[PDB]
Structure formats: structure tokens, C-alpha cells
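All values below were derived from every heavy atom in this structure, side-chain atoms included, with hydrogens, water molecules and symmetry-related copies excluded. Per chain, numbering begins at 1; letters A, B, ... match sequence-line order.
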2 protein chains.
Amino acid sequence: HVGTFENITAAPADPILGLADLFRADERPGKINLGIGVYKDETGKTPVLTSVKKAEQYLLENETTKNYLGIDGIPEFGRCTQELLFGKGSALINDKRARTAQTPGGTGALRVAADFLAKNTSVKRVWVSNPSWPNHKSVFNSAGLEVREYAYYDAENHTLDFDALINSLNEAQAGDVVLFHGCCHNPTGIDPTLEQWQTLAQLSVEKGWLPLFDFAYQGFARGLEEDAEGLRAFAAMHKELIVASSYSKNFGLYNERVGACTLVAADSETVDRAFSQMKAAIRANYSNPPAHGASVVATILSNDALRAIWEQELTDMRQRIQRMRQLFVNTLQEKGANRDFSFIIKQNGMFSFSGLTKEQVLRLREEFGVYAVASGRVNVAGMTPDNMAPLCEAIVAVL
Amino acid sequence: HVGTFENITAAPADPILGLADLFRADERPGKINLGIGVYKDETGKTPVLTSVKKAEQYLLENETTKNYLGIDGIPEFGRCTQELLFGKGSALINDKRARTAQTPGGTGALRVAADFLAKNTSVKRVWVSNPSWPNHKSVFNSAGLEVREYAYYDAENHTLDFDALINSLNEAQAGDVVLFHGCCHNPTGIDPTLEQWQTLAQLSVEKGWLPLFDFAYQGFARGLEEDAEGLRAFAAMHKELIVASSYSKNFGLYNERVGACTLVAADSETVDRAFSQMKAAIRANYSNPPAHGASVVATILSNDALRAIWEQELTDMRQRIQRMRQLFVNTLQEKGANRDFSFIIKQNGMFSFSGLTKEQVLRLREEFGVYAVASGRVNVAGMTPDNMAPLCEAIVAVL
Ligand SMILES: Cc1ncc(COP(=O)(O)O)c(C=O)c1O
Ligand SMILES: *Cc1c(COP(=O)(O)O)cnc(C)c1O
């Protein structure tokens, strides 16, 4: 008989991860990796947060069983997640209009929403920004959903092309899903202003879109509450929406897969009905979520002492990134750059388009050991005082 | 605009988890839970294994980062998993014919395999035993695969109907997937004999099936090596096969979601080619797997001192279940059951069909607070010397 795997086509190379393999292979000393997708501290390390170590020691001393969690995970983890997203006194919580499922990471939350929508609604189309996180298309496609793109990035002024965004979403029908990055847009770091959020919220209601928010970087732009203003503007006007949030970055719990899918409906009776089908899609996927990572988050957010520690560690991460953004611009200037890189200061989060062509990105990698994604995206959190000067010297040399 | 979630139908109750929710709510003090497949010790607790607590202490004091694992997880975890499945000096291992991905539990391993098959091959049908774990149909249906049933259990004699098995499977065409329980068949507890396994291994290669092994209870029938004989018979004869395994139960790591999906192809080139697509299906699902549980398992299996403790803890779990099976049969006769329950002694694992009708199972729950699955499956590992007498008095009362 002929094998079942005989004529399987090899999968293409992942953009972000395909670079990590080429970097680890590079035997040259001093190589710099700006294609990473995680945070690094002043010494180039991705440490475990102090609040997390404390929480983990408490769990080691007090856990008496590893018995299964419910399909939707730790209840306290859900309550605290909804407070972070909507605010302590949100009407969505008091009206019992939101239900939250603990998921393996923000990716798991997007996949659960995709499976839920594909199997239980007439949704057939998801609209994603161009550019966006490359994995968005894979997740919704995995459920058989068509993914269309809407305009976003003005590569001339390094700003949000709001006029083209509206025009490109003209063909988005009622009942279509429109995906928004809550804050720190990946990869451009360009976020709508509060006024622009409100315009989109109003337009979303008139057009009949189902908004889906991807919230992976709460606390990395301006602050916890500030970074949720855009979502809460939608929450105030919409009867229904979906939020896929992640704690991978703002708790440094990347490999513990800590995320949440939050479902909002018109009333308590409708969200409970819908949520039962979301739990069914989780049951047929991974059954129930991993406990350790979410227990840490729940312990920290429910303990005032630990939460004060965590919030300061998040501030330390946010402030270091802004300093590197400023130091990056000043050092490029110091090293003789004629191109204006001021837009870097105006962008939020770990990522920004350097504006380098693929040809310049290629020269950095093979000629200077500086590794960036082919799109020109660079992780500002991968920059340190020790590597800033070599990095900038390389960039200037290819401009 | 009408809502997208307005016309969603509530999901039905899970045959296993819907029962567990009822048990937690029951206020009667003498209630007994024989439903969910979770181990209980002599005191009715589900403790953390001592080896696990020690491994978790090591991790707490030596982990320096939570950085993402690779899509396929911890390497040593994958290596140790293949040794348990195939043996120390397996030809599959030395020939580099096997690839293993760490997955969120055994369920996650099933969904990953299903997603991988539905999107990269011509597989349309999956053959699952009748009866089987209820979630099997849900996992493969959600990936878009049709599920056909083949005969297995002889309800009159309480044994394996090996004739009806071979007959119903003659309708399975080449390229179809046939799911086998590696050991401790859920829910019957009847496993094929080594002679019957070898008969199925030979019939499989002839008809061109794609074997899929669900291995959730390795070490609970007779032993680690002994429980892999059936699989290792297929492995020494097949060019391709898939093994979804779980560490939820033999490590008591339920809520940390520790499993593996192992892919076997004809040669190292085909397996790496197919595995690249499996890693793609994982990326579009949960991205990468949770570390804590798998790290514990790898720490234990790689340290001879810890492993020695774990192997003894697993032996005690296996033996206690066997003692409860004997005690269960002896006590039923003591309490006046008359019917012969000797077949329970010949069944392996946690689960056994009590032979009770759905109506008797219903009476046990409403009238006596004894909670079993509607199929009559009872968890022997939930029986203790303290709850054996009330449990058996209730069963005799409904006979
Ligand atoms: C036969 C079978 N397959 C798969 C599973 C799922 O195991 P896990 O909890 O690790 O997802 C179980 C759990 O009971 C099982 O009995
Ligand atoms: C990182 C990221 C995710 C996924 O986060 P995980 O918790 O690692 O799964 C989703 N969306 C965006 C925009 C991200 O940057």
C-alpha cells in the first residue's frame, strides 16, 4: 500500500521563528537578534518576574492536588481578567454580560473564538489589518474562515492611514468580524487615538460588525487602564464583542500559556447560551486549560501585596522600552544617520517598522550579524546599552 | 441590527463533566463520586505525587526564564516519551523515524493529530471502538473527520468480542484511521491479549489502515513496559502510525495538561516533512505548549533517583486499584448482590462497566448520592475502604 504521508507538502518557513534558526546557527560573536518577539532586560535576559517567583513558591507550599480545572479554568482568573479589561465598576460585569474562558495563551483564545464562530454563527469573514501579526490569518483560516485585509499603515509618514482604513472597510458586511489590536499594534506600534477609537466604535455599530479585540500588550503603551480605553469605547456602544487577551508578555509567562477569551452578548441569558458552545469547542480541542500559569496570575491579581510588586515590574518593562526607543534615535543620529527616525519615539510597544528594505535587512544579517525580520520589523526591547552602538553603526552602514 | 449570538442554541451536557458539576452541587454528606477518571488514594484524596513535588521544587529554584518553548516543546520530554512508548533501543528511535510534539494533554494530542490529518492528507473517516471515550467523536468531528464505530464489547459475557471486532473493521478502507486504546480500554477495561494485538497488527498492514493509538493509562494495567506491548507490536510492522499519549494520570498531573503526539513515518525524510505540517497545525491552535507540567515529567524521567520514586508511586496506584477491584467484588457478595461480578477482577485500569442500566445509574444518583456515568461506567480508583460499604449497599438496592 501507498503511505498516507507520502505526498504531504512541507510547510513553509515561519517568518519570526525561521529567523531564530538562522541566528542560532550563526557562529559569529557579537551577533544581535532584533527579530525576537519577547522582552529582554538591560542584560539581554528574559527573567522570571519577582512577583511570579513569589506566587510560584506560594503554590508549591499550598497546592494539594492537580485535579482537573473546569473547562473555562480558574474562576478568580476570569473575574480578575474582566476587571482588567472593562474596569472594576463596568456595567458589562454588573449586568453579567461577559463570560471569560481561560485559554492556553492569546493564540489559544483566538483559536477558541474562531472555532466557536465557525461552528455556531453565520460569520464567514474576518477582517484583519494590513500589516498584522502573521499568525492571525493562520488561526482563523484553521477554522475555515476567509480573512480579508484592511488598510492601516501609512508608510510615507509612519502614521495611521485612517482615511484609507475607513474606505477599505467599506465592503465589510454586517455580521463580519473586524479584528482590532487593543494597543501596541503588532508590528507597527501605531495605535488609534481615543478620538479615532470612538469614530471606529460608532462606525462599527452602524455597519453591524462583530468586533474582535486582540489584547496581548495591556500595560506596554501608557498603562493598564489607559491601554484599554479603545476597548471600553467599543464596550460602551456594542451589544456583542469578543476579546482575546494574553498574559504572556505583561507577566513574562510566555511558556506557561496564559490567556483568556472573553465573550460579551446583549444580556446575561444570551452570553450564557453562547458560552456553553464556546466550552464545547474547548472540550473538543484541549479539554481544559493549564493551571500553573493562570494560578500565578490569579494569585498576583488577588493579593494586593503581590500586585503592587507586579505593577512596578510592568512599569520597569514599559519604561525601559521607551528609553531604548529614545536612545535608538539619538544613537542613529550620533552614528551619522541622515534619515529621520523620529517616528520611533511616537510608536508604542516592542515593535516598529525600521523602514529598511528587505535588501537592507539582508545586508545587516549577512554582513553585520544583525538579525531583523524581512519586513523591517525590529524589537526595541532587544536593544541594550551594550549593543546599541554596534547595532546603530550597522544600520547607518546600509542606509 | 440583529445580534450574531442571538440564535445560538445552548450546548448539551457533557456525559462526564455534566455529571461532575451535579456532584459538586449535591449537598448530601455521604455522596460518592465514581464518574470522572481521577485517581483517589486510600483516604479519598487526589494528592500531588511526592516525585512531582520534588521536581517542582527543583524547577522553582533553578528556572531562570519563561521564554517560549519551541512549537514541539521540550526536547528531552520528547526523547523520554519515545523511550516509554517504544523502548530504550527501539529501531524507530535509532532510525529517526519518530517525531514527538509536546501537547496540552492527551486531548490536545488527539486534536493536533486530527487537525494535521484533515488538512494535509486524504483521510476522511476515523474508526473508534464502540463504546469508547465520549470525547473521541467530538475531537475528530470538530476537525472535519467522519467517525465510524466498530464492535468491541460483548455485553453478555463481559469480554472482548474479537470476532465482531475483526468483522466490522473489514468495512474500513485503506487510508482510513483506526483508533486503538493502548491499554486500560475506556470504558470497558478489556484490553486485547498480545496474541490479539499481533493479529490486529497484521490485519492492519494488510488492509492499509492508519493506526492511531490513544495511550492515556500506561502503567495502570500490568506495568510500563508490559502495557506498551500492543503498540510495540504495531511499531515493529507498520510504516506509519500516530500515538497520542497523556501523562495526566500516571503522573497525577491532570490540570497541567501534559501530553504528546508522536508521529511515525517510513523514513526520516517523510516524518520531518509531515511533522513540519503538524507544527503548522499547532502554531494555528495554541502556538506552543505549556512548560510547567512537561518540565516536571522530564525532570523526573531523566533523574534516576526521582524516577525510582515515581515508578514506586505508580506501582502503588496500580496495586491499590487492584485491591479495590477485589474488595468491590467481595463486598457486593457480602451485601447480597447475588449476581456474579467476577468479570470486574479481569478488567484493567480505573474504569469498568457495572452493567447497570441508565435507569439504575439514575436511581443511584437521586436516591443514594452515588454518581456514575449513564453508561454504567464506574471509577474503581474512586473507591476506598471507607466508602465501599455504603457504595455496595446502594448498588444492591437498585439491582
Ligand atoms: C482514553 C482517553 N483518551 C484521552 C484522554 C484525555 O487525557 P487528558 O486529560 O490528558 O487530556 C483520556 C482522559 O480520561 C482518556 O481516558
Ligand atoms: C504575542 C501575540 C499574540 C499571542 O500571544 P500568546 O500568549 O503568546 O499566544 C496574539 N496577538 C498578538 C498581536 C501578539 O503580539
Rounded to the nearest 0.5 Å, how far apart are [atom1] of [X] and [atom2] of [Y]?
| X | Y | atom1 | atom2 | answer |
| --- | --- | --- | --- | --- |
| B/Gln57 | A/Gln57 | CD | CD | 9.5 Å |
| B/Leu59 | A/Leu60 | CG | CG | 9.5 Å |
| A/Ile71 | B/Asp21 | CD1 | CG | 8.0 Å |
| B/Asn255 | A/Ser295 | CG | OG | 7.0 Å |

Do you know which of [options] has the most heavy-atom pairs under 4.5 Å to chain A?
| options | value |
| --- | --- |
| B/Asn7, B/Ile36, B/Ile8, B/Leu69 | B/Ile8 |
| B/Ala291, B/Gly108, B/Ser138 | B/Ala291 |
| B/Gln277, B/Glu63, B/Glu61, B/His292 | B/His292 |
| B/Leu253, B/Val258, B/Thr103 | B/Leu253 |

For A/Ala174, is it the side chain, the backbone, both, or neither that has a heavy atom closer than 4.5 Å to a heavy atom of chain B?
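Only the side chain of A/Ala174 comes within 4.5 Å of chain B.
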
Quick check on A/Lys249 against chain B: is it the side chain, the backbone, both or neither that has a heavy atom closer than 4.5 Å?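 Side chain only.
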
Which of [options] touches chain B most, by non-hydrogen pairs under 4.5 Å:
| options | value |
| --- | --- |
| A/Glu256, A/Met278, A/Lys119, A/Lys53 | A/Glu256 |
| A/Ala109, A/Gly208, A/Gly70 | A/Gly208 |
| A/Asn141, A/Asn288, A/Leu110 | A/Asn288 |
| A/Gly259, A/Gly293, A/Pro289 | A/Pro289 |
| A/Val112, A/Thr270, A/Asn135 | A/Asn135 |

Contact summary for [X] and [Y], nearest pair of heavy atoms:
| X | Y | result |
| --- | --- | --- |
| A/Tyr286 | B/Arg257 | O-NH2, 2.9 Å |
| A/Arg111 | B/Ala284 | NH1-O, 3.1 Å |
| B/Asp14 | A/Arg283 | OD2-NE, 2.7 Å |
| B/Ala280 | A/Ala11 | CB-CB, 4.2 Å |
| A/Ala10 | B/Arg273 | CB-CG, 3.8 Å |
| A/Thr65 | B/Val48 | N-CG2, 3.7 Å |

Structural part of [X] lying under 4.5 Å from a heavy atom of chain A:
| X | answer |
| --- | --- |
| B/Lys137 | neither |
| B/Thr64 | backbone |
| B/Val38 | side chain |
| B/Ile16 | side chain |

- Given A/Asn285, which of B/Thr107, B/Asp115, B/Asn285 fulfils the side-chain hydrogen bond (donor to acceptor under 3.5 Å, both in side chains) condition?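 So, applying the side-chain hydrogen bond (donor to acceptor under 3.5 Å, both in side chains) to A/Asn285 and each of B/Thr107, B/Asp115, B/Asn285, only B/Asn285 qualifies.
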
**OP:** Flag yes if more than 12 heavy atoms outside A/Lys207 fall under 6.0 Å of its NZ atom; otherwise flag no.
**Re:**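 Counting other residues, nucleotides and ligands, NZ of A/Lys207 exceeds 12 neighbours.
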
Item to complete: Please determine which of A/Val264, A/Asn120, A/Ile242, A/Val271 meets the side chain to side chain contact (heavy atoms under 4.5 Å, CB included) test together with B/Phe5.
Response: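 Checked A/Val264, A/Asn120, A/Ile242, A/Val271 against B/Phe5; only one passes side chain to side chain contact (heavy atoms under 4.5 Å, CB included): A/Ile242.
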
#### Entry: Set of residues satisfying side-chain hydrogen bond (donor to acceptor under 3.5 Å, both in side chains) with respect to A/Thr299, sequence neighbours excluded
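side-chain hydrogen bond (donor to acceptor under 3.5 Å, both in side chains) list for A/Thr299, sorted by chain: empty.
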
(Q) Whether the side chain of B/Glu240 engages the backbone of A/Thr4 through a donor-acceptor N/O pair (distance < 3.5 Å, no angle test) should be reported. (A)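 Looks like yes, one N/O pair under 3.5 Å.
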
